[PDB]
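# Examining the three-dimensional arrangement
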Amino acid sequence: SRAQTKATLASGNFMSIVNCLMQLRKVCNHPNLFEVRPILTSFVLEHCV
DNA sequence: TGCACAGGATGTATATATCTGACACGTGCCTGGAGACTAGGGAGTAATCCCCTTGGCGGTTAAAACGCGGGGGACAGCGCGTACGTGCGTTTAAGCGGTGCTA
């Protein structure tokens, strides 16, 4: 979805596409490579009312 | 007899003045600004060709890092002996201003 990715694809810089492919493969192989699953926790309000 | 003071003597901190330096105001000349001529170095313009990262990636290696033993280097104490510090008396010539020459 990321527009910059689309732009990169449009560029046709063979290196850039190779890198994109590498990132895709990384994402498929195990998500931790692309982004560690964030450890979910409550939202914190700055100060009570 | 010895003291009080009437009459007189050197002195001097106080006070009035004379003996030296520095800054501002007056002359007057080698100027600083200005006018105009000047051109060629600076700056605006245009390639052009070459050198600098791409970008992370694995498979390696050479250098870096970390761990350990220990032994000897650094270093705080201190016994003591003397050679620099403080204080004379004493001498020299360094400082002061002066007179006459000159290079």
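Please refer to the structure placed before this passage.
Residues numbered from 1 in each chain as written, not as in the entry; some residues may be left out. Chains lettered and ligands numbered in written order. Part of a larger assembly, values for the part shown. Heavy atoms only, no water.

### Focus on the overall build of chain A
A tally of regular secondary structure across chain A gives three helices and zero strands. Taken from N to C terminus, the helices and strands of chain A fall in the order α-α-α. For the C-alpha atoms alone, the extent of chain A along its principal axes is close to 55 × 25 × 15 Å. Buried positions account for 4% of the 49 residues belonging to chain A. (Helix = DSSP H or I, 4+ residues; strand = E, 2+ residues; numbered from the N terminus. Buried < 20%, exposed > 50% of the residue type's maximum accessible area, 1.4 Å probe, protein only.)

### A short note on the side chain of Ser-16
Mapped onto the secondary structure, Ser-16 falls in helix α2 (residues 14-29). Apart from residues no more than four positions distant in its own chain, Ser-16 is found in contact with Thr-8 and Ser-11. (Contact = heavy atoms within 4.5 Å.)

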